[PDB]
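Here you'll find one protein chain in two forms, each presented separately as structure tokens under the names structure 1 and structure 2.
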Structure 1
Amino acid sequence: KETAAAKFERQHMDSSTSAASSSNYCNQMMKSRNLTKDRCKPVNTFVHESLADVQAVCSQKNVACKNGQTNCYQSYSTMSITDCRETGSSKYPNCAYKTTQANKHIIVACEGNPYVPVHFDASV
């Protein structure tokens, strides 16, 4: 198994880079993190912040999750993120993505003890 928290770091954390390196970023990252293993995950966001910074988001601004649950939190400051959105010629198993860099507040769902991020909800 893989814990909720470890899975979040696997699919969303990329601290080794401050931004989206190039157009190549998403094709390599999605594959590396095994996000294009059973299908091409449609969209995925990577956060280039320290892990301590992303975890502190659980004590930040509490907001409603897209699913109606109340365990989502919004970062007070903008973070550096990269959005990976699937393309047209992207055909499984040859998934193709468009790398998109930006700075936005992130919204994550937290849970557990300790209370850690387990799901990425949105970026605004």
Structure 2
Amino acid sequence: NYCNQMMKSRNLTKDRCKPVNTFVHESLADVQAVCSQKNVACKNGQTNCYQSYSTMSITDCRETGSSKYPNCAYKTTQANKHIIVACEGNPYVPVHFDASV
């Protein structure tokens, strides 16, 4: 499936099985743009987080319960949700994916 292949390709499960990961299907500029949208607090209680005004196409990759390295296994869940990212630097760009509502 897409998750098993994309997680491998992106060097995410080549040396371990990453529990969860989200892939956004929007242009890189459109996601970078979220850093100047709705400001919200991050889970940890920080405030360099931003929620997108709109929902975006995303694919959630969840490791099955029986998954174990080297045989990593993922449950693929496609969806449209508002993304929340943590921004930092100059230019001000996303460095962390906080969540999808």
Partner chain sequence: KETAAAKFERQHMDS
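Definition used throughout: the rigid core is the maximal C-alpha set that superposes within 1.5 Å between two forms. Residue 1 is the first residue of structure 1, and the numbers go on in sequence order from there.
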Of structures 1 and 2, which is the form solved in complex with the partner chain? 2
What is the C-alpha shift for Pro93 between structures 1 and 2, rigid core superposed, to one decimal in Å? 1.1
After superposing on the core, C-alpha shift for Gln74 between structures 1 and 2 in angstrom: 0.2
How much does the C-alpha of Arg39 move between structures 1 and 2, in Å, when the core is lined up? 2.1
